[PDB]
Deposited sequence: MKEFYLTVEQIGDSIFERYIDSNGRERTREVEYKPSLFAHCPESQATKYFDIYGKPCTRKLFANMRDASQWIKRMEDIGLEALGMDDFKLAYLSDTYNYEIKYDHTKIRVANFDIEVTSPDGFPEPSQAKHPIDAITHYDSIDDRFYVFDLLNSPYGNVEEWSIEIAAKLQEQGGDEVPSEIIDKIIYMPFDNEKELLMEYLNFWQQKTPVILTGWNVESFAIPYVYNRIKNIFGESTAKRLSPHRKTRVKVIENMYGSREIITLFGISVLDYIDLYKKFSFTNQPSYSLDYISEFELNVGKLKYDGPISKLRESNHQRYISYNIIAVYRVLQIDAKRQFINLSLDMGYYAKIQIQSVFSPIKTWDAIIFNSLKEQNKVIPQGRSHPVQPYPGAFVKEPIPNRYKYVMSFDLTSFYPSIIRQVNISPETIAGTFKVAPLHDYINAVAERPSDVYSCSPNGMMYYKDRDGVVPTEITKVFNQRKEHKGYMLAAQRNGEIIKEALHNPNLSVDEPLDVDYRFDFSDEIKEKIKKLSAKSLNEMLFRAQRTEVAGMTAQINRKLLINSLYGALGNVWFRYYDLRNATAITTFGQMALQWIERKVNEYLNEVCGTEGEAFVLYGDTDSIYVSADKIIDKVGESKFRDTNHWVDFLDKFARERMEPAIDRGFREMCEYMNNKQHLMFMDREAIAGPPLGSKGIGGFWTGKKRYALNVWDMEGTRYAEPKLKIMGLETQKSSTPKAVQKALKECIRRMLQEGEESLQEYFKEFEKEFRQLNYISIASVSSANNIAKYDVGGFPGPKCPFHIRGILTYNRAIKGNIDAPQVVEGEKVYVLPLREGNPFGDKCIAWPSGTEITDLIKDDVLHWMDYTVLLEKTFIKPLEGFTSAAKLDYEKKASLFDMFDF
């Protein structure tokens, strides 16, 4: 097999690489790499090197990386560009791996670990590491084993060994329910003192040195804790064994620390999750995320974690092992490790650089160019500067019965490709008319020869640009995975339907690839399967969809980030002319098709001057279809699904071709390199046939709800609410309020006003019995100190911050009580007037029960009246006025009767 790197670092004039050789063994080499950089040279000096602008360069080879760096400074001291890749390990990788890297993930050592530290004096600061590490569990992907390091003897208590027998038993048996599928994978090691544990851990580490190192908060807690504890016990030299090149770097933010372990690639799972999951969670405790991602139960114990080792060491160790397994389970579902390796090897970068789309693209573009013997420009300093973005129509707040939406495929990247926007394809400029002159096809055709954006920029149509070229490569990967996702999703609905009439029999899940639409043979079998087998198939489908979602949405993110990066001053190819070329063209494309679409519908409906498009944001249009439906008459339809089929067809056969024509003309108008504005139907929405449901409503920009029957070719088994912007979607809204508000909306859109009012009456009556956590608001807790004045709210102190201060006063002098962490999230509750806390709200760390010290008092004093009116009624009022309906029966003349 082809070789592939695992890790690369630069240490002085040396490149240290770990790699898998052609016989699949892991090696390590130190290479005294001799890099090249480039200077512009006279045109008379023949060469094979040119900058992206076609100017010739001479290659300078250096004796070592140090001389290359010093020459860069000198060149600045002179005032001349020093071209080429200045990140030498990216050059090294490019030289060394001059081909499409095919990697074998089974050859890559992925380690997942988690440590426990009993601390009586609150949270154990990693920079200090005052307290013994009393457990480590460390899963090795090569061995497929959980290595458990259990401290039996500590100044905080001596305990008996953990029992694997008991670990495996059900909780109802007094066991820990350590998943049976890992019991035989546990390698348990007890120790009679910390020193021996740590030294054994290190010796283990040498033998099985991680390439990818992950876990949950491992970068901000586990790694710096382990590093410093070993450092403070055995000394710096021993601590450095954690690095396969015995080099570490302490990066400090005082007094926190991030340790950099040379030769290892740390991908903290919490950071992968935040960047790639596309969620915003009220809490990021592994407990909370596990329950959310896997539907497993919150782990239970009877005391504070601070005493868990002492009172139930058996459970303490089982829970440490489980914590490690939960991340593996989340990754098996979400697959962010795979994504990282994929992306990393594609760009040819340090795997941890997947967190930086700028580095990722610098690398991809560098390799693409190096390929053609081209030379990349030197990075330059630029001041930060604002610039305009998308257009968003101002909707008329109202209900809207029948709606179909359309959306442009990969919008900004398609503009990049269509127009041919790249640093080196710029041709010149033209004098711009006002934007609406272009939108209205009234302005003078910008250019006859070059491809144009209405911001004034022209680009060459002939030449290929490296930006369009490389963004197209990733776009095509995105498109492949999205197909798998959507097919898996369609399969899913097939399975959900057949689950309505399951055969009462015994059988097994069919062996099928859910990435592709089921064959008619598969469907026939399906409709003969047991419920058991069907539910298992449905699980596998949904898992295939998630896997597809991760792969597609994150390649989407990467290419949109290339768009973004053109407007970041740290990007080698920063250029506000290209950034604006894109967003301005987009503003045009949208408002142009609003016109064409409006024109086309008035026509085929024989109408004149009616506004079909009621909304659009960036690149989408939401079309009111009341009149399309009305031209046929509702009575012409057997059932809901009937007219849904109707609009699917109508949109497919009539509308899209018109839009196709509409954009082809725009392409012509701008003389663009290639027509790539592909706008397909998105959602079909409307009330159930015969129902009094209102179908949909908008409250304003970015705030709407629709009752959807078909989404991008997925015909749902039951209608799905698509709600955007409203409080049901926001992590800051209490859980029970979200659920309640969503049910009000479901009722409005599906059933009608009378339903809504019934539900509201009931909610109002019973809502005081809801668990406090479910009615707590959530907020991020930033700049607590900024607003802390002697324990009390400084000027302009935000509501949630006030609540934190209320908390800190209430727990003052309880070293043990949970502290609110700067930057992390808090639950917030309002308190009734005259409460013992001396303020109107109180806040505590999200994801947690409020400390027993004050919990009872908080519950007594919660302000249910404010909670309800402020978090539930106000939003509800907003929705219903928008839609023209009442959530309470107004007082009327009829009141005078019985």
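Review point. What are the missing stretches of the deposited sequence, listed from start to end?
Key: Those parts of the chain that were deposited but carry no coordinates are 255-258, 903.
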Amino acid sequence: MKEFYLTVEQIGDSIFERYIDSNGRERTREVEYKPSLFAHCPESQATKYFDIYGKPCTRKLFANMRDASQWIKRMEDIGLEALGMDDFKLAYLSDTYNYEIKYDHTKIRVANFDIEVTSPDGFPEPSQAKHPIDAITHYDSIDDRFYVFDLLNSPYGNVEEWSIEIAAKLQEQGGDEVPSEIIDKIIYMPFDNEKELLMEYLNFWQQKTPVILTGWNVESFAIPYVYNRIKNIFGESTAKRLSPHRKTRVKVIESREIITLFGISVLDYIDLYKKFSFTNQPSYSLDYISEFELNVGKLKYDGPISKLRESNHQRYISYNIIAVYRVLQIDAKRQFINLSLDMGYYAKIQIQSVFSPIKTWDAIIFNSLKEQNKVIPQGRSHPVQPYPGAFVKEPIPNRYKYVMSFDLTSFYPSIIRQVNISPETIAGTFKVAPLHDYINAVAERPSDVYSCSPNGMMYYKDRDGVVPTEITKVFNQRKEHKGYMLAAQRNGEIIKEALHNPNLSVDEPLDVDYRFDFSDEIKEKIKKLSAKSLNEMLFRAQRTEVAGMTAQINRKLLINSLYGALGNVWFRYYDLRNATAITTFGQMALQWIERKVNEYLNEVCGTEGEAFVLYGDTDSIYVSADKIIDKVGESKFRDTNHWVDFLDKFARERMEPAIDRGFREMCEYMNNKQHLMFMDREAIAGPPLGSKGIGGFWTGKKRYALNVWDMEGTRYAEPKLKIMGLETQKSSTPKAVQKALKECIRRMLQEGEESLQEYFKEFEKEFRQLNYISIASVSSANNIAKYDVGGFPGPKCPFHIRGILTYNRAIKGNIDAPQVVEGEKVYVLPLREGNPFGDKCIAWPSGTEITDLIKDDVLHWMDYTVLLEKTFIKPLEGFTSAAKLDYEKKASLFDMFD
From here on, numbers count along this sequence of modelled residues.
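**Study point:** Higher-scoring stretch by recorded Cα B factor average, 279-287 or 491-499
**Key:** Mean B over CA atoms: larger for 491-499.
Exercise for review: Averaging only over Cα atoms, indicate whether 220-228 or 655-663 has the higher B-factor in the PDB entry.
Suggested key: For C-alpha atoms only, the mean B-factor is higher in 655-663.
Review point. Per the entry, which of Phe123, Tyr484, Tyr412, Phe88 tops the list for Cα B factor?
Key: Max CA B-factor in the entry, restricted to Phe123, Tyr484, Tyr412, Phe88: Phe123.
**Study point:** Out of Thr865, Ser846, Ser36, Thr47, highest CA B-factor residue
**Key:** Comparing C-alpha B-factors across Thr865, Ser846, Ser36, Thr47, the maximum falls on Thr47.
Review point. Lowest, middle or highest third of the chain for the C-alpha temperature factor of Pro793?
Key: Tercile = highest for this residue's CA B-factor.
Review point. Among the modelled residues of its chain, does the C-alpha B-factor of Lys889 lie in the lowest, middle or highest third?
Key: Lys889: CA B-factor falls in the highest third of its chain.
Check your understanding: Once the chain's modelled residues are ordered by C-alpha B factor and cut into thirds, is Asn338 in the lowest, middle or highest one?
Key -> Lowest third.
Review point. Compared with the other modelled residues in the chain, in which third is the CA B-factor of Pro395?
Key: Its C-alpha B-factor belongs to the middle third of this chain's values.
Review point. Ranked by Cα temperature factor within the chain, is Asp680 in the lowest third, the middle third or the highest third?
Key: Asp680: CA B-factor falls in the highest third of its chain.
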